[PDB]
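Taking it in order: structure first as C-alpha cells, then the write-up.
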Amino acid sequence: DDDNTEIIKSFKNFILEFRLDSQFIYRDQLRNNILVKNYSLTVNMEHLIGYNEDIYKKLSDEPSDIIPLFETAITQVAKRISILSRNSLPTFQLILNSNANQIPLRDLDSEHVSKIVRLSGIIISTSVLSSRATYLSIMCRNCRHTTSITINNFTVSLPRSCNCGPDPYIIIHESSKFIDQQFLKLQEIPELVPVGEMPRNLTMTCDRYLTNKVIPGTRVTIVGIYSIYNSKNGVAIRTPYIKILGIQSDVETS
Amino acid sequence: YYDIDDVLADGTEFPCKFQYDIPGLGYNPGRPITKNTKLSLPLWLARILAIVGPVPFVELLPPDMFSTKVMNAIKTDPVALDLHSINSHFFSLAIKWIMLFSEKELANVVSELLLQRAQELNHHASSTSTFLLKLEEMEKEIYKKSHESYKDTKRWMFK
Amino acid sequence: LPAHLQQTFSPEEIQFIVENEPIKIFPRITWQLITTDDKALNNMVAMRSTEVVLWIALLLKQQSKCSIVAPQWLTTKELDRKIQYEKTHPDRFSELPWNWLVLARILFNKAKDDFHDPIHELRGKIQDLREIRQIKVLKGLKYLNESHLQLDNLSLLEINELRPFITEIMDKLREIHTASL
Amino acid sequence: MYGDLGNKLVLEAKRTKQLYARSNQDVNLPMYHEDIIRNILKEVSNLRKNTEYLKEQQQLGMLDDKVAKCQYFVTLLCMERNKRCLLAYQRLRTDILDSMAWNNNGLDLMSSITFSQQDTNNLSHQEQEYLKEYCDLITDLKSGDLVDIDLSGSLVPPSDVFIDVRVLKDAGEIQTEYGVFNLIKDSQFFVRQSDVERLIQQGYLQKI
Amino acid sequence: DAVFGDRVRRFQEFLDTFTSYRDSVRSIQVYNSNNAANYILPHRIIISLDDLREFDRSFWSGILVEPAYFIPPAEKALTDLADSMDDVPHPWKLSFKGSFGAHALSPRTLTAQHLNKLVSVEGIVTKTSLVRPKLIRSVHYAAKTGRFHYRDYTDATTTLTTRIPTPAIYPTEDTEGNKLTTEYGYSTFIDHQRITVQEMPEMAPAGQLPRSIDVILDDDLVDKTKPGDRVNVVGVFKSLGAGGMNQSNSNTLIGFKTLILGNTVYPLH
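Protein chains in written order, with UniProt numbering: chain A, 21 to 106, 130 to 197, 204 to 211, 235 to 305, 320 to 340; chain B, 3 to 29, 33 to 58, 68 to 141, 162 to 193; chain C, 3 to 32, 50 to 200; chain D, 1 to 208; chain E, 18 to 56, 91 to 140, 151 to 330.
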C-alpha cells in the first residue's frame with residue numbers, strides 16, 4: 021500500500037503546511053484540542069479544496085475507504101506534537140462542516156450513495172448510547188492464536210485461519249478498546265416539503281465526540297456520508327442511514 | 003487585609019467548641038453559654054481565641079472539610095475532584111488552618127494537590163469546558179491571569 | 003496606575019524592548052543626526068553593510084530606503100540543526116537568541132521579501148520549534164519546587180506568557196511550606 | 001450572624017472586580033451603598049455602646065472577672081471585622097476610581113474634568129470630593145514635568161509612528177492644538193501618533 | 018505468567034502488614050465454627100481502598116485502570132491466606158470500599174472511556190430480575206472404579222477474565238468408559254441475578270429519556286435490594302457478547318451490550 025503512504029503524506033503536508041496568514045489554523049487546532057483532552061479535529065473543506073483540489077476529488081469519490089486513512093494520517097501527526105521521545132493516543136475523530144449545497148431530505152434517492160451529503164432537519168429522539176469496537180484482541184478456541192484486530196470505520206466478520237473451524241475466535245474484552253455511538257433519527261423540517269404527506273425520517277449514527285452533542289428537538293445541519301445497512305425485516323431491499331461527520335448545530339445553539 | 007478573597011476567607015464557619023463558660027452571649034438568651042458547647046464560629050474571631058488563654071478558650075475541632083476522608087480522597091484524583099462544591103474556599107482557607115493548628119502532615123498533601131491542579135491549569139491555559167466550574171475561587175482568579183497572558187500574547191502574535 | 007497587566011510584561015512591551023537590539027543593514031542612501056543613544060552614523064554608504072539599532076531599520080524599511088540583513092541564526096538549514104539538537108536533549112532547551120520569537124514575528128511582516136527562501140518554510144520551522152519547545156516546557160513544569168527552577172535558555176516571550184502562572188502558584192506553594200516550619 | 005453583614009458587603013464588592021476584570025471596562029459602577037453601611041455603622045455603634053457600658057460595669061459590678069475580658073476581646077474583634085470590611089470595600093472603590101482618573105484625564109488639554117465618569121452624582125459626593133482633590137493632586141505632577149507628559153496617555157508604545165484614524169460620528173473640527181485637523185464625520189486622517197494618543201481617548205478616533 | 022504470581026506475592030505483603038484486615042478474616046473463620054458448635092455469613096472481606104495508597108500507588112492505579120488482571124490474583128491470594136488460617140473443621154469475594162472517585166460516575170455519564178475499568182454507578186434499580194441458580198462446579202461418581210470425578214464449568218461471568226467457554230451439559234463417561242452419575246449437593250452452585258440501574262430522577266437534565274445499564278449481582282449480593290431503592294453499585298464494567306461480528310447473523314450496527322459484574326452494593330439514603 022504505497023498509495024496509502026502517498027495519500028497520508030499529502031494529509032500530513034496539508035496539516036503542517038496550511039497557512040491562513042499567518043497562524044496555522046489546523047496545526048494549532050490540534051494542539052489546543054489535545055490539551056483539553058478533546059482528541060478531535062475539525063477540517064474546513066473550503067481550506068481543504070483551496071489546498072489541493074485533488075484530495076477533495078478523491079474524498080468526494082470514495083469517502084469511506086479514504087477518511088480513515090485521513091484519521092490515521094492526523095493521529096500520526098499528534099504523535100509528533102503532543103508528545104516527544106528518543130501513549131496511549133487514540134486515533135482522533137475528524138469533524139468536517141462545510142457549506143456546499145444543501146440537499147433536502149426528500150431529494151435523497153440513491154445515486155449519491157457514498158458521497159458526502161450536507162442536509163437539514165429537526166432531530167426527533169436520540170437513541171441510547173452503545174459501544175462499537177475499535178481495537179480488540181482475539182484468541183482462538185484451540186490453537187489459541189493471539190490476534191490483535193484493528194477494526195476501522197466504516204459488518205466485519207472475524208478471520209477463521211491461524235479444523236480449526238468454522239469460526240474459532242473469541243473476543244477478549246479485558247483488552248479491547250471501545251468508542252461510543254448514538255443513533256439520531258431526524259424528521260425533515262415542517263416548512264418544506266411536507267405537502268400533503270407525513271415527512272420521512274432517516275436514521276443517523278453519530279459517534280465518538282459528536283455523541284450527546286445534540287438535544288432532541290433542536291434544528292441542526294448534519295454533514296456525514298450517506299450509506300446503506302441490511303437489517304433483516320427481501321429481496322434484497324437494503325435500508326438507508328446517514329453516518330455523521332461531523333455535526334454542527336444551528337446558531338448558536340450552545 | 004484589604005483584598006476581598008482573604009476577608010471573605012475569614013467569613014467561613016468552623017465547628018469550634020468552648021473550653022470555658024462565657025456569660026454575656028453575643029449570639033440567644035443563655036445568658037451564659039454552657040461549657041463544651043459546640044458553636045460554629047467564623048474564622049476571623051476564632052483565630053486568636055485558640056491562642057489567648068495557659069489553656070486556650072476553644073478546642074479547635076477539625077472542620078468537616080478537612081475530614082480525613084477528604085484529605086484521603088484528594089490523594090486519588092485531584093484533577094477530577096470538585097473543590098468549588100465543598101467550601102468553596104480551600105487554599106485561601108486551608109493556608110490559615112495549617113498554621114493555626116500547626117499541622118505538618120497535610121502540607122505535603124496540599125502542596126501536592128496544587129501542583130496536580132496546575133499541571134492541569136496550564137492545559138486550559140491554551141486557547162473550557164466543564165472543569166472551569168469546579169475550581170476554587172482564588173485558583174480560578176489565577177486562571178484568568180494566565181488565560182489573559184496567553185490570549186494577549188496570541189493577539190500580539192498576529193496583527 | 004498601570005492597570006494591565008500589571009505584574010507581567012505586555013506582549014507588546016517585549017517587542018518595545020527587543021527593538022533596542024542592534025542588527026546590520028544595507029542602506030540605499032549615500050543632518051546629522053546625533054539623536055541621543057544611537058552613536059551612528061557617518062552617512063551610510065549604499066551597498067555597504069553597517070550596524071544600527073532595530074527600530075530605525077524597521078522605520079527606514081517602511082520607506083524601503085534600506086534592506087535589512089537576515090540574522091545568521093534565522094535560516095531553515097540553520098534551524099534544522101537546532102531542532103535536531105532539541106529533540107535529542109529532551110531536558111535542556113538548547114541555545115536561543117532569546118528574542119527569536121519576537122524577531123520571528125517582526126522581521127516577517129515587512130522584511131519578508133529580503134530573506135532568501137522566506138516563503139512557507141521558516142514560518143513552518145519556527146512554528147514548529149515553538150511547538151516541541153512549548154510542550155517540553157509544560158512537561159518540564161511538572162517538576163516544580165520551591166525554591167528553584169532551571170528554565171535554562173528560554174525566550175523572553177515564553178517567559179512572559181507563563182510568568183503569572185508559575186510565579187503565582189509558586190506563591191501559593193512556597194507560601195504554605197515556608198510557613199509550616 | 002454577628003459580623004456577617006460585612007461578609008455580604010464584601011461579597012458585593014467582589015462583583016465590581018468581576019465587572020473590572022475581563023471585563024469589559026466601561027466603568028459604570030452601580031452605586032455606592034450608603035444604606036447598608038449605615039446599617040453596619042448602627043450595628044457597630046450598638047457594639048461600642050455596649051462596650052463602654054460594660055466598661056463602666058467592670059468598674060462596679062463585674063469586679064475584674066476572668067470572663068469580662070472576653071467581651072473586650074471578642075466584641076473588639078467585631079469592631080475590627082467591620083473595619084476589615086469597610087476599608088476593603090472602600091479601597092476597592094478607590095482602586096476602580098483613581099485608575100479611571102489616570103487613563104483618562106482626558107486628554108490634551110485635559111482641559112477640565114467634566115462629562116467623564118457616568119456614575120456622576122449616583123456615586124457618593126464624599127468620594128467625589130476625594131476624586132476632584134485627587135485629579136487636582138495629579139495636576140501638580142503634570143506641572144512638575146517637563147517630559148512632556150502626557151503621562152495620562154501612551155500606556156501602549158508608539159508604532160510606527162504614523163497611524164490612520166477613521167472618524168466616528170464626531171464634530172468637529174475641534175482639533176485646535178498643533179493644528180486644525182478639521183474633524184469631519186466619515187474622514188480618516190493619515191496623522192502621526194502624537195495627536196492620535198490625545199484624541200483617541202476622547203472618543204473621536206476609532207481605528208488605530 | 019510469573020507476573021500473576023507477582024501480583025499474588027505483592028498482595029500477600031499488604032495483608033498482615035498492616036494486619037487490620039486479617040482480624041476480620043479470622044472473625045469470619047471463627048464465627049462459622051461457632052455456628053458449628055451452636056445448639091450464614093457471606094464469605095467476603097471488605098477492602099477499603101483507603102489503605103491501598105499508603106503501600107503502593109502502582110498497584111492502586113492498576114485496580115482502577117485494569118481490574119481484570121488484578122482483582123483475581125489478589126483474590127487467589129485472599130483464599131490462600133484464608134487456608135493458612137485455622138483451620139480445616151471457596152473462592153471468597155473482594156469488595157472495594159473507596160475512596161471514590163474517578164470513576165465516580167452516575168450511569169448517564171459512562172461508556173467507553175470508563176469501560177473495562179472499575180466504576181461506581183449510582184441510581185434507581187428496576188425491575189430486579191428474578192433470583193435463579195447458576196451451575197459452576199460439576200461433580201460425579203464413578204463405579205465400581207470409584208474415585209471421585211469433577212468437571213469445572215466456566216461461564217461468561219466466571220472469574221473476571223475471558224476464558225475458552227466450557228459449557229454445557231455433563232461430560233458423561235469420561236475415559237475410560239466408566240459410568241458417571243451426577244452428584245448433586247456436593248457440586249457447587251453460585252446464585253446469580255441481574256438488575257438494571259436508571260440514573261437518579263432528580264438529576265435528569267431534560268425531557269431526554271433516561272439511560273439505564275444492567276448490573277449482574279454475584280453470590281451473596283443476590284436479593285440484597287428491592288427495586289426502586291437508592292443504590293450505589295460498584296463493579297468492573299464488562300462488555301460481553303459479540304456485536305454480531307462473530308457470525309453472519311444478524312445484520313445491524315447495534316452491538317456489544319455492556320454490564321457490570323459484582324460487586325458490593327452499598328445502599329444509601
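We put the beta carbon where it would ideally sit given N, CA and C, even for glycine.
Exercise. Got a sec: which bits of the segment 136–147 of chain D sit with their beta carbon under 9 Å from any beta carbon on chain C, in order along the chain?
Worked result: none
For this session: Identify whether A171(D) lies in helix, strand or coil by the three-state DSSP scheme.
Result: The count along the fourth sequence starts at 1 and reaches residue 171(D) at position 171. Reduced to three states, the DSSP call for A171(D) is coil.
Exercise. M1(D) touches chain B at which residues, Cβ-Cβ below 9 Å?
Worked result: The residue you call residue 1(D) lines up with position 1 of the fourth sequence. Simply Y29.
Problem set entry | Contact residues within the segment 83–105 of chain B, judged by C-beta distance below 7 Å to chain E | When CB distances to chain E are screened at a threshold of 7 Å, the residues of the segment 83–105 of chain B falling below it are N86, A87, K89, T90, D91, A94, in chain order.
Exercise. Would you say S30(A) faces chain C, with C-beta separation under 8 Å as the test?
Worked result: As a working note, residue 30(A) is residue 10 in the first sequence. Interface criterion not met: the Cβ of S30(A) is under 8 Å from no Cβ in chain C.
Problem set entry | Nearest residue (CA-CA) to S166(C), options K101(C), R193(C), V88(C), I75(C) | Taking the third sequence and counting its residues from 1, the one referred to as residue 166(C) is at position 147. Closest by alpha carbon: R193(C).
Exercise. What distance in whole Å lies between the Cβ atoms of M79(D) and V27(D), which are believed to be in contact at a cut-off of 8 Å?
Worked result: Counted from its first residue, the fourth sequence places residue 27(D) at position 27. Counted from its first residue, the fourth sequence places residue 79(D) at position 79. With a Cβ gap of about 33 Å, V27(D) and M79(D) do not count as contacting.
Problem set entry | Contact check, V276(E) vs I256(E), beta carbons under 8 Å | Within the fifth sequence, the letter at position 215 stands for residue 276(E). Within the fifth sequence, the letter at position 195 stands for residue 256(E). Yes, they are a contact pair.
For this session: From the DSSP output, read off the bridge partner residues of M182(A).
Result: As a first step, residue 182(A) is located in the first sequence; it is residue number 139 there, counting from the start. Per DSSP, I242(A).
Problem set entry | Contact under 8 Å by Cβ, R212(E) with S199(E) | Here residue 212(E) refers to the residue found at position 151 of the fifth sequence. Here residue 199(E) refers to the residue found at position 138 of the fifth sequence. Contact flag set, yes.
For this session: Could you check which residue in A163(E), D137(E), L129(E) has the C-alpha nearest to that of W153(E)?
Result: Counting from one through the fifth sequence, the residue named residue 153(E) turns up at place 92. Of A163(E), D137(E), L129(E), the residue nearest in Cα terms is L129(E).
Problem set entry | residue 15(E) burial status per 10 Å Cβ neighbour count (16 or more: buried) | What is shown of chain E runs 18 to 330, which leaves residue 15(E) out entirely.
Exercise. Quick check: the segment 176–185 of chain A against the segment 142–151 of chain A, are there 3 or more CB pairs under 8 Å?
Worked result: Using a C-beta cut-off of 8 Å, the segment 176–185 of chain A makes no contact with the segment 142–151 of chain A, since fewer than three inter-stretch Cβ pairs fall below that distance.
Exercise. Are the C-beta atoms of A163(E) and some chain B residue less than 8 Å apart?
Worked result: The residue given as residue 163(E) occupies position 102 in the fifth sequence. Yes, its Cβ sits closer than 8 Å to a Cβ of chain B.
For this session: Determine the closest residue to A163(E) out of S311(E), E263(E), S112(E), with distance taken between C-alpha atoms.
Result: The residue labelled residue 163(E) in the question sits at position 102 within the fifth sequence. Among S311(E), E263(E), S112(E), the Cα nearest to that of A163(E) belongs to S112(E).
Problem set entry | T190(A) versus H196(C): straight-line alpha-carbon distance, rounded | Numbered from its first residue, the first sequence carries residue 190(A) at position 147. Numbered from its first residue, the third sequence carries residue 196(C) at position 177. So the two alpha carbons sit approximately 53 Å from each other.
Exercise. Thinking C-beta only, is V196(D) closer than 8 Å to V165(D)?
Worked result: On the fourth sequence, residue 165(D) is found 165 positions in, with the first residue counted as 1. On the fourth sequence, residue 196(D) is found 196 positions in, with the first residue counted as 1. Yes. Within cutoff.
Exercise. Is it a yes or a no for the segment 82–92 of chain D touching the segment 5–17 of chain D, going by three-plus beta-carbon pairs under 8 Å?
Worked result: These segments touch.
Exercise. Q71(D) versus chain B: which residues are under 7 Å apart at the beta carbon?
Worked result: As a first step, residue 71(D) is located in the fourth sequence; it is residue number 71 there, counting from the start. Result: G26.
Exercise. Ends of the beta strand (DSSP E) at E105(C)?
Worked result: As a position in the third sequence, residue 105(C) is number 86, starting the count at 1. Here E105(C) belongs to no beta strand (DSSP E); instead the alpha helix (DSSP H) covers 95–106.
Exercise. Taking a cut of 7 Å between CB atoms, which residues from the segment 69–102 of chain D lie near chain C?
Worked result: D98, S99, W102
Exercise. For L11(D), which residues in chain B fall below 9 Å Cβ to Cβ?
Worked result: As a position in the fourth sequence, residue 11(D) is number 11, starting the count at 1. What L11(D) touches in chain B: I6, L10, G13.
Exercise. Can a CB atom of chain C be found closer than 8 Å to the CB of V196(D)?
Worked result: As a position in the fourth sequence, residue 196(D) is number 196, starting the count at 1. Interface with chain C (8 Å Cβ-Cβ cutoff): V196(D) is excluded.
Problem set entry | Spatial neighbours of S174(A) in its chain, beta-carbon cut-off 8 Å, leaving aside the 5 residues before and after | Position 131 of the first sequence holds residue 174(A). For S174(A), where only same-chain residues beyond five positions count, the Cβ hits under 8 Å are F250, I251, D252, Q253.
Exercise. Can you pull the DSSP bridge partners for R291(E)?
Worked result: What you label residue 291(E) is simply residue 230 of the fifth sequence in a count that begins at 1. Beta-bridge pairing links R291(E) to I185(E).
Exercise. Which one or two residues does DSSP pair with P47(B) in a beta bridge?
Worked result: As a position in the second sequence, residue 47(B) is number 42, starting the count at 1. In the DSSP output, where bridge partners are listed per residue, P47(B) has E15(B).
Exercise. Whose C-beta lies closer than 6 Å to the C-beta of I114(E) among residues of the same chain, with five residues either side of it excluded?
Worked result: The residue labelled residue 114(E) in the question sits at position 63 within the fifth sequence. Answer for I114(E): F121, listed in chain order.
Exercise. Under the rule that 16 or more other beta-carbon atoms within 10 Å means buried, what is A165(E), buried or exposed?
Worked result: Here residue 165(E) is taken as the residue at index 104 of the fifth sequence, counted from 1. Burial call: buried.
Exercise. Are the Cβ atoms of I25(C) and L78(C) separated by less than 8 Å?
Worked result: Here residue 25(C) is taken as the residue at index 23 of the third sequence, counted from 1. Here residue 78(C) is taken as the residue at index 59 of the third sequence, counted from 1. Contact: no.
Exercise. Is it the case that the Cβ atoms of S30(A) and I86(A) are separated by a distance below 8 Å?
Worked result: Your numbering for residue 30(A) matches position 10 in the first sequence. Your numbering for residue 86(A) matches position 66 in the first sequence. In this structure, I86(A) does not lie closer than 8 Å to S30(A) by Cβ.
For this session: Taking C-beta pairs closer than 7 Å, name the residues in chain A that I188(C) reaches, listed in chain order.
Result: Translated into positions along the third sequence, residue 188(C) becomes position 169. Ordered by position in chain A, no residue passes the 7 Å Cβ test against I188(C), which lies about 18 Å from the chain.
Problem set entry | As assigned by DSSP and simplified to three states, the class of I88(B) | As a working mapping, residue 88(B) is identified with position 74 in the second sequence. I88(B) falls in the coil class under three-state DSSP.
Exercise. Should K185(D) be flagged as near chain B, meaning a C-beta pair shorter than 8 Å?
Worked result: Residue mapping note: residue 185(D) aligns to position 185 of the fourth sequence, counting from 1. It does not: the Cβ of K185(D) has no partner Cβ on chain B nearer than 8 Å.
Exercise. Nearest-angstrom Cα distance between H33(D) and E260(E)?
Worked result: Here the question's residue 33(D) lines up with position 33 in the fourth sequence. Here the question's residue 260(E) lines up with position 199 in the fifth sequence. Cα-Cα distance, rounded: 46 Å.
Exercise. Would you call the segment 96–106 of chain B and the segment 39–51 of chain B in contact, with 3 or more CB pairs under 8 Å?
Worked result: no
Exercise. Given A139(B), which residues of its chain have a CB within under 7 Å of its CB, disregarding the five upstream and five downstream residues?
Worked result: Here residue 139(B) refers to the residue found at position 125 when the second sequence is read from its first residue. Closer than 7 Å at Cβ, skipping near neighbours: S180, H181, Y184.
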